[PDB]
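Colleague: So that we are looking at the same thing, I have put the structure below in structure tokens.
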Amino acid sequence: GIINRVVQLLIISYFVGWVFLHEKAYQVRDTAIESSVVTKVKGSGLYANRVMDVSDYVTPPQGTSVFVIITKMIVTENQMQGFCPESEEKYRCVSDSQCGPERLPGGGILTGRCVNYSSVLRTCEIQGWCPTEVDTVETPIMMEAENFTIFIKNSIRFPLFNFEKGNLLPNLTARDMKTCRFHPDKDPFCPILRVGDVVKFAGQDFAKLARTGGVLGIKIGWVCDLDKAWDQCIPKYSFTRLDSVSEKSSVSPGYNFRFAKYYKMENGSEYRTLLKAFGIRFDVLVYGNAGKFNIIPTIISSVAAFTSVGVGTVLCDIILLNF
Amino acid sequence: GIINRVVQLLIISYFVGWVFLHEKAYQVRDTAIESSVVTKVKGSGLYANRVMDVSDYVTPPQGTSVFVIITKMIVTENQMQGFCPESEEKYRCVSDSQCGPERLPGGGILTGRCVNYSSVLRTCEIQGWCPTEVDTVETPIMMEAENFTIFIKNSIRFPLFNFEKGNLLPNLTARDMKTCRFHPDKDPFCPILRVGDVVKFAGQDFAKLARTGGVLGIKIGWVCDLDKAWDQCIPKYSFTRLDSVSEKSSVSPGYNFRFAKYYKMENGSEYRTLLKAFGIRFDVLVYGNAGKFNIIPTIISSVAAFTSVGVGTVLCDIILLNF
Amino acid sequence: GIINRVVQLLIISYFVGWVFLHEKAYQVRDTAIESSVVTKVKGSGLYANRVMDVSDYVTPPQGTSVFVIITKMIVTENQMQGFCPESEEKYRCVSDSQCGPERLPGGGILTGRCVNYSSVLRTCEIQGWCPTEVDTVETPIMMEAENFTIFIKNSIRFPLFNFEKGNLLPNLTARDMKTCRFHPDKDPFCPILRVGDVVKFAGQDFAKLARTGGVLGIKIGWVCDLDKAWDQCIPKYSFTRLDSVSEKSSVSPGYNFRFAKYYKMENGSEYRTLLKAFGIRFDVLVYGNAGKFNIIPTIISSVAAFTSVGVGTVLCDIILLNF
Ligand SMILES: CSc1nc(N)c2ncn([C@@H]3O[C@H](COP(=O)(O)OP(=O)(O)OP(=O)(O)O)[C@@H](O)[C@H]3O)c2n1
Ligand SMILES: CSc1nc(N)c2ncn([C@@H]3O[C@H](COP(=O)(O)OP(=O)(O)OP(=O)(O)O)[C@@H](O)[C@H]3O)c2n1
Ligand SMILES: CSc1nc(N)c2ncn([C@@H]3O[C@H](COP(=O)(O)OP(=O)(O)OP(=O)(O)O)[C@@H](O)[C@H]3O)c2n1
Ligand SMILES: *[C@@H]1O[C@H](CO)[C@@H](O)[C@H](O)[C@H]1NC(C)=O
Ligand SMILES: *[C@@H]1O[C@H](CO)[C@@H](O)[C@H](O)[C@H]1NC(C)=O
Ligand SMILES: *[C@@H]1O[C@H](CO)[C@@H](O)[C@H](O)[C@H]1NC(C)=O
Ligand SMILES: *[C@@H]1O[C@H](CO)[C@@H](O)[C@H](O)[C@H]1NC(C)=O
Ligand SMILES: *[C@@H]1O[C@H](CO)[C@@H](O)[C@H](O)[C@H]1NC(C)=O
Ligand SMILES: *[C@@H]1O[C@H](CO)[C@@H](O)[C@H](O)[C@H]1NC(C)=O
Ligand SMILES: *[C@@H]1O[C@H](CO)[C@@H](O)[C@H](O)[C@H]1NC(C)=O
Ligand SMILES: *[C@@H]1O[C@H](CO)[C@@H](O)[C@H](O)[C@H]1NC(C)=O
Ligand SMILES: *[C@@H]1O[C@H](CO)[C@@H](O)[C@H](O)[C@H]1NC(C)=O
Ligand code: NA
Ligand code: NA
Ligand code: NA
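Protein chains in written order, with the entry's author numbering: chain A, 24 to 346; chain A', 24 to 346; chain A'', 24 to 346. A prime marks a further copy of an entry chain.
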């Protein structure tokens with residue numbers, strides 16, 4: 024008999040408490056958040072006893088939500104089209120018959136010939152950009168990169184509610200930019216993030232990550248209850264490493280890619296500088312949903328709540344009557 | 024007593040009208056729209072008394088759904104690695120003690136020394152790419168850019184219904200491309216959009232936007248009722264400015280980025296041309312959902328409608344009986 | 024009378040069979056899948072009797088989920104700023120009055136003058152990068168591209184369940200990479216995909232696709248029932264052509280774009296090599312949802328199932344009683 028009143032309290036609390044209140048059934052929700060992100064990196068480093076600025080280590084440069092900060096390089100200066108032996112021992116050859124299709128991808132096409140790369144070693148000859156890259160000793164990382172800064176201008180808009188806000192507040196001043204200390208909880212509206220800080224929030228050691236290369240994700244969540252104050256709608260920053268496989272795998276441990284700088288002589292012959300770039304890739308991911316009170320969902324939701332509590336008490340009353 | 028019939032009409036109309044008809048409950052919905060976008064910009068401009076074509080002002084060039092049309096530039100010709108004084112007055116120095124870590128990011132690393140940039144001004148010395156960029160007088164914009172054209176090939180497919188359509192209709196002809204006048208309502212299937220037109224649909228003044236740089240969004244919505252004719256499935260174009268913060272903020276008012284063109288001498292020394300690019304970034308965002316009649320959701324939906332109207336009339340009859 | 028028991032079996036089977044079991048109502052679902060993709064292409068080709076490696080034909084190079092493999096080129100060597108006649112016959116001119124605004128976009132700005140491109144043909148003069156591109160005879164494709172390989176490191180994580188898996192399994196070895204044969208069904212965990220294979224899975228002929236250029240989509244779906252074994256969570260590969268309009272349209276049949284390589288003389292004058300690139304663009308699209316048993320949705324779902332079967336038998340009993 025008392026279980027009837029208990030079931031009544033559980034139905035009333037669930038349908039009018041969790042379902043109606045905690046789940047904000049009284050609210051209209053806009054999930055089609057409109058976002059824009061623009062980035063700008065600042066910092067200088069020493070690599071190969073040359074200074075490197077944003078135009079040197081950031082790629083691509085258009086300042087989108089995805090960019091790489093190069094932290095390590097294998098530089099192959101002044102390549103030219105020709106014939107030459109492969110560098111890595113993986114291509115060791117003793118007989119021209121060993122230079123066949125079974126060989127792994129290399130600097131160029133295989134001539135089928137076999138040449139002496141050094142007095143000690145002989146490898147397969149190739150036609151392509153010469154000489155081939157040599158990966159014998161590890162190259163250093165750009166330590167200063169740990170201090171580079173990432174400027175994030177993130178604009179968001181829930182169009183359903185014609186609501187627009189950004190991580191740059193309207194009262195932001197040049198002094199603020201010069202002196203604010205970003206923190207996900209303490210100061211979410213500082214547009215400057217320290218690269219080393221982002222790396223550590225992601226649970227990574229800058230030395231290792233910069234040695235191997237990797238992909239970090241900067242997630243910005245705008246979950247805003249537009250019923251509350253405009254100043255309560257704040258961004259929630261989360262950080263992670265997206266190439267999680269890389270750490271668990273020995274075959275491919277990081278992130279790197281190759282690109283070239285192309286030159287011509289007055290003579291007119293082409294020559295290029297090859298670059299194997301290791302770096303940290305930053306992905307800025309913006310998500311959000313908004314909700315504001317609307318009478319319609321309050322009517323439908325409350326009516327559904329009364330029909331739900333009524334159906335509940337009715338079914339519990341019947342099941343109690345028969346048993 | 025009459026309120027019973029009134030509640031019956033509201034239940035029947037809601038559950039069989041809005042819920043069943045207006046909300047197309049009889050329809051199966053495909054929301055996993057598959058989209059592809061390819062772009063090509065055309066136009067030429069005069070900047071620095073040089074002609075600039077797509078290969079000069081568009082970046083990146085692969086013709087994806089995101090590209091920049093550069094409208095303004097600060098060009099720093101023939102930089103070389105070395106030592107030189109900072110250009111901007113923000114780095115004004117009188118004592119070598121003022122050249123310390125508290126200085127903002129600059130063209131290069133700080134030597135700690137202090138040098139005379141000009142007879143009137145002395146600033147901190149740096150090691151890096153020299154000379155530093157000078158932002159003393161504003162550079163002009165490429166006015167002709169207002170007339171550039173954006174060619175958008177947008178392919179979409181709802182795989183659930185094996186339905187494929189694109190903004191390029193199959194009966195599109197070379198004359199059409201040469202002469203069609205795009206309009207979101209009047210002619211949605213013209214693949215050529217005037218840059219100035221896109222800027223104005225976004226509610227922007229090309230002169231100012233091209234002066235500051237900005238991000239414009241071109242939204243293409245494919246909301247198609249596959250029950251109706253194939254020719255009723257048309258794209259809905261919307262335009263906006265995505266970096267909405269930029270206009271409300273004095274600290275960062277637009278969109279720009281820096282990149283360099285790299286050269287070598289026959290002598291073999293590296294030198295580069297630095298570029299501070301202001302431009303309009305275009306983001307083509309494609310969204311859509313499709314629906315087609317399927318008997319299953321018609322059965323489940325109609326049965327739910329009858330159970331709903333029945334439960335409604337039952338509860339209203341009981342509440343009327345007790346009170 | 025028997026239809027009462029029939030309706031009872033249909034209600035019990037639907038609400039406790041399809042709705043509760045097949046639809047995994049007992050499961051909590053994570054749809055906010057977190058994905059990261061990194062790519063690396065390998066292969067060499069012969070084009071213009073030059074060898075071309077990843078740094079030559081892949082763009083952009085940062086190894087993101089979207090990249091192009093260039094398969095065809097129209098190369099315009101050593102352009103310089105100046106005046107010259109238009110190449111294509113579309114610009115045929117006989118009178119300087121015909122060189123007006125009605126002309127289509129061209130290599131540069133129009134001088135209004137008219138010049139002889141050849142003894143046989145006269146066209147409009149332009150100021151810009153000279154000479155203009157000549158598209159008279161078709162250029163060959165890089166046949167070897169059919170054998171290039173795409174290395175895909177895809178990391179995914181459902182954070183709700185703190186679940187992380189990737190297409191590179193932890194027991195992957197160098198021999199595996201050197202010898203595994205990717206197949207969507209037979210071997211989903213081989214990170215190496217043959218370009219020609221991807222083209223054919225997409226239902227395309229490499230010769231034609233490489234002639235016109237196109238966009239291929241590589242969809243990777245992680246639909247995982249975390250109740251089952253960790254080894255049951257496997258990626259589902261799908262392949263398609265995303266620019267479906269291109270094949271059905273005569274006006275624009277493929278995918279290509281233009282970019283330039285910039286050079287300077289010791290003299291200091293700028294000159295560039297123009298490139299019209301035809302290639303296959305690969306879009307790696309990752310989707311997924313996960314589900315794991317949770318007691319809460321089992322309670323709510325089972326209670327909803329009993330209330331549903333009860334309401335069903337009640338309404339069928341009443342409708343049977345009155346009629
Ligand atoms: C044997 S066919 C093939 N095709 C690819 N596209 C491809 N991309 C990467 N790999 C190989 O797969 C391994 C993992 O790739 P990785 O993380 O880039 O390591 P890595 O920097 O030493 O790669 P490389 O120096 O050899 O270019 C590595 O041994 C690399 O050589 C690839 N192998
Ligand atoms: C003080 S530490 C730091 N780190 C960044 N990554 C960064 N990116 C941009 N800023 C600064 O924040 C301001 C807004 O950036 P902006 O919209 O790019 O203006 P701007 O074009 O004058 O920026 P710059 O010329 O200084 O490169 C501006 O004063 C710029 O110098 C940045 N400051
Ligand atoms: C007449 S105004 C205009 N503006 C564009 N942005 C634009 N982009 C492409 N087109 C034209 O529309 C046609 C289809 O474009 P397409 O697939 O790139 O063919 P295509 O390679 O011959 O284009 P082009 O060689 O002329 O650059 C083609 O004739 C091209 O010239 C464009 N036309
Ligand atoms: C970062 O900069 C601070 C000065 O602001 C300096 O003390 C520190 O050594 C720098 N870190 C690295 C890794 O260079
Ligand atoms: C700037 O405006 C925000 C808006 O809520 C406010 O929280 C903050 O205190 C303001 N800062 C200053 C310095 O006025
Ligand atoms: C350019 O110079 C190099 C060496 O200086 C030479 O091998 C090459 O043949 C020259 N180019 C031409 C077209 O002769
Ligand atoms: C755009 O082109 C038209 C001719 O089609 C010309 O009249 C107009 O002046 C141009 N606009 C600009 C800003 O150059
Ligand atoms: C091209 O086909 C579409 C398909 O509905 C049609 O609306 C349009 O009128 C056609 N145009 C011509 C010129 O036939
Ligand atoms: C290249 O020339 C410049 C000036 O012409 C000179 O400063 C530099 O030392 C030269 N390069 C080398 C490697 O000597
Ligand atoms: C691809 O490589 C194989 C050898 O592994 C060779 O037999 C075949 O001819 C190549 N295909 C093309 C199109 O070159
Ligand atoms: C590697 O681990 C996976 C995990 O399920 C397993 O299926 C596969 O058989 C293992 N391969 C080897 C060679 O142990
Ligand atoms: C560079 O050389 C070309 C031809 O060799 C000449 O036309 C041009 O005027 C030179 N540059 C300058 C600045 O004189
Ligand atoms: Na290697
Ligand atoms: Na500045
Ligand atoms: Na053409």
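Each residue gets a CB set at the ideal place from its N, CA and C atoms; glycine is no exception.
Would you please verify whether the beta carbon of A/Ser267 is less than 7 angstroms from any beta carbon of chain A''?
Modeller: Output row for A/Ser267: interface = yes.
Colleague: If you compare alpha carbons, which of A'/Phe262, A'/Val81, A'/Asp53 and A'/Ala313 is closest to A'/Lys63?
Modeller: Cα-wise, what sits closest to A'/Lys63 is A'/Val81.
Colleague: Using a Cβ cut-off of 7 angstroms (strictly closer), state whether A''/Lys284 contacts chain A.
Modeller: By this cut-off, A''/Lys284 is an interface position.
Colleague: Would you kindly work out how many angstroms separate the C-alpha atoms of A''/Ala300 and A'/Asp266, rounded to a whole number?
Modeller: C-alpha separation (whole angstroms): 32 angstroms.
Colleague: Taking the Cβ atom as the reference point for each residue, do A/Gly151 and A/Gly131 lie within a distance shorter than 7 angstroms?
Modeller: Cβ distance < 7 angstroms, so A/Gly151 and A/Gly131 count as in contact.
Colleague: Would A'/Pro207 pass as an interface residue toward chain A - the criterion being a Cβ-Cβ separation below 7 angstroms?
Modeller: Chain A, which has no Cβ nearer than 7 angstroms to the Cβ of A'/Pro207, makes this no.
Colleague: What residues in the segment 109-133 of chain A bring their beta carbon closer than 8 angstroms to a beta carbon of chain A''?
Modeller: So the close ones are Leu127, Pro128, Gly129, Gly130, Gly131 and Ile132.
Colleague: What three-state label does DSSP hand A''/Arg136 in the structure shown?
Modeller: Strand.
Colleague: Which same chain residues end up closer than 7 angstroms to A''/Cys203 when comparing Cβ atoms and leaving out the 5 residues on each side of it in sequence?
Modeller: Counting only Cβ-Cβ distances below 7 angstroms, and skipping sequence neighbours, we find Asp210, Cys213 and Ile215.
Colleague: Could you pull the start and end residues of the beta strand (DSSP E) that A''/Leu69 belongs to?
Modeller: A''/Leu69 -> beta strand (DSSP E) spans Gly68 to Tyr70.
Colleague: Is A'/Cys137 closer than 7 angstroms to A'/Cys147 when the C-beta atoms are compared?
Modeller: The answer is yes: Cβ separation under 7 angstroms.
Colleague: Can you tell which of A''/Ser331, A''/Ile323, A''/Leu344 and A''/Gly333 has the C-alpha that lies nearest to the C-alpha of A''/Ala48?
Modeller: The shortest C-alpha separation from A''/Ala48 is found at A''/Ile323.
Colleague: Indicate whether the contact test is met: 3 or more Cβ pairs, each with one atom in the segment 293-307 of chain A and one in the segment 230-249 of chain A'', closer than 8 angstroms.
Modeller: The segment 293-307 of chain A, when compared against the segment 230-249 of chain A'', does not touch it at the 8 angstroms Cβ threshold.
Colleague: Okay, do the segment 265-279 of chain A and the segment 172-183 of chain A'' touch, 3+ Cβ pairs below 8 angstroms being the bar?
Modeller: They touch, by the three-pair rule.
Colleague: Along the chain, where does the alpha helix (DSSP H) that runs through A/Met200 open and close?
Modeller: Its alpha helix (DSSP H) spans residues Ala197 to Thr202.
Colleague: Under the rule that 16 or more other beta-carbon atoms within 10 Å means buried, what is A'/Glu57, buried or exposed?
Modeller: With 16 or more Cβ atoms within 10 Å of its Cβ, A'/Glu57 is classed as buried.
Colleague: In this structure, what does DSSP give as the bridge partners for A/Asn312?
Modeller: Its beta-bridge partners are A/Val246.
Colleague: Thinking just about the alpha-carbon of each residue, which of A/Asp158, A/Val74, A/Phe43 and A/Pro83 is nearest to the one in A'/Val91?
Modeller: Considering only alpha carbons, the answer is A/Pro83.
Colleague: Does the segment 67-80 of chain A' come close enough to the segment 165-177 of chain A' that 3 or more CB-CB pairs lie under 8 angstroms?
Modeller: Flag = yes, the segment 165-177 of chain A' and the segment 67-80 of chain A' touch.
Colleague: Skipping 5 residues on each side, what residues in its chain have a beta carbon closer than 6 angstroms to that of A'/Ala233?
Modeller: Once the five neighbours on either side are set aside, the close Cβ partners of A'/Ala233 are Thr94 and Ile164.
Colleague: Taking any Cβ of chain A'', which residues in the segment 173-190 of chain A' have a Cβ under 9 angstroms from it, in chain order?
Modeller: Answer in chain order: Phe174, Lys176, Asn177, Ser178, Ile179, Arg180, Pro182, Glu187, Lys188, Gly189 and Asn190.
Colleague: Output the boundary residues of the alpha helix (DSSP H) element that contains A'/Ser325.
Modeller: Per DSSP, A'/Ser325 belongs to the alpha helix (DSSP H) from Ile318 to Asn345.
Colleague: Going by other Cβ atoms of all chains shown within 10 Å of its Cβ, with 16 needed for buried, is A'/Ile342 buried or exposed?
Modeller: It counts as exposed.
Colleague: Counting only beta-carbon separations shorter than 7 angstroms, does A'/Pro258 have a partner in chain A''?
Modeller: No, because no Cβ of chain A'' sits closer than 7 angstroms to the Cβ of A'/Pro258.
Colleague: Leaving out five residues on either side along the sequence, give the residues of the same chain with a beta carbon under 8 angstroms from the beta carbon of A'/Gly189.
Modeller: So the list reads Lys176, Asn177, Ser178 and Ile179, once near-sequence residues are dropped.
Colleague: Which of the three DSSP states is assigned to residue 347 of chain A' in this structure?
Modeller: The structure shown has nothing for residue 347 of chain A', since chain A' only spans 24 to 346.
Colleague: Who are the near neighbours of A''/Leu308 in its chain, counting only those whose CB is closer than 8 angstroms to its CB and skipping five residues on each side?
Modeller: Hits under 8 angstroms: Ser88, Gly240, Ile241, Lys242 and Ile243.
Colleague: Could you give the DSSP three-state label for A''/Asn170: helix, strand or coil?
Modeller: Here A''/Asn170 sits in helix by DSSP.
Colleague: Closest to A''/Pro320 by CA distance: which of A''/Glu46, A''/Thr336 and A''/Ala55 is it?
Modeller: A''/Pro320 has its Cα closest to that of A''/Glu46, out of A''/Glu46, A''/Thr336 and A''/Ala55.
Colleague: Can you tell me whether A''/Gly123 is buried or exposed, with buried defined as 16 or more other CB within 10 angstroms of its CB?
Modeller: Counting Cβ neighbours within 10 Å, A''/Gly123 comes out exposed, since fewer than 16 surround it.
Colleague: Measuring CA to CA, which of A/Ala328, A/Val60 and A/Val51 is closest to A/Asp306?
Modeller: It is A/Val60.
Colleague: Here's the rule: buried if 16 or more other CB atoms are within 10 angstroms of the residue's CB, otherwise exposed. What is A'/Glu112?
Modeller: A'/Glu112 should be labelled exposed.
Colleague: Need the endpoints of the alpha helix (DSSP H) that A'/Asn27 sits in, please.
Modeller: First-last of the alpha helix (DSSP H) with A'/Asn27: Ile25 to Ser36.
Colleague: A'/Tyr49 touches chain A at which residues, Cβ-Cβ below 7 angstroms?
Modeller: The contacting residues do not exist; A'/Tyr49 stays about 20 angstroms from chain A at best.
Colleague: Rounded to a whole number of angstroms, what is the C-alpha to C-alpha distance between A''/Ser118 and A''/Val143?
Modeller: In a straight line, the C-alpha of A''/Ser118 is about 15 angstroms away from that of A''/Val143.
Colleague: When the cut-off is 7 angstroms and only beta carbons count, does A''/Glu289 lie next to chain A'?
Modeller: Interface residue, yes.
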